[PDB]
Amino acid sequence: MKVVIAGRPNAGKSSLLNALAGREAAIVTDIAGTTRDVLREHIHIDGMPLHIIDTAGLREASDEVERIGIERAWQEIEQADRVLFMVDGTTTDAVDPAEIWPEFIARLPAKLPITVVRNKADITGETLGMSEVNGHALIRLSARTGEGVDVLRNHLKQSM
């Protein structure tokens, strides 16, 4: 199954791709617009194989390559079986994704299931782990420190 990592620039999408991959598969920097190309990694949880797909942070970009990467990111979303909507927790205390970015949520294919991932729990102090908002799955992790990425691994097995 195709699981697409998507959200704003600098949310930590590539860190999570790397954590899920177990491998420095995507470049990771604090410069917004680091990922432009779509990056795919084939993994296996527990007998369940999936493609995890890292994408350019969504925005209106004047960098042409990034502009193209954002086109393709939306195209990956269109074909996704699940989106992991990645949020930098330090930027908002909001947990309902309609409060975080309604425009993005509203644009997503109807009934494409969304897992909301409040990342950088290491700066927030947020309590780690899974819950649910407005019927959307909600995982609090650190992609950088691996802290709580395990629950997400199990979540994917369960839900897919």
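From 1 onward, residues are counted along the sequence shown.
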Do the CA atoms of 51-59 or those of 120-128 have the higher mean B-factor in the entry?
120-128
Please compare 148-156 with 19-27 and say which has the higher mean C-alpha temperature factor in the record.
148-156
From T115, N134, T91, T35, can you pick the one with the highest C-alpha B factor in the entry?
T91
Name the one of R67, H44, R107, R40 with the greatest CA B-factor according to the PDB entry.
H44
Compared with the other modelled residues in the chain, in which third is the CA B-factor of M1?
highest
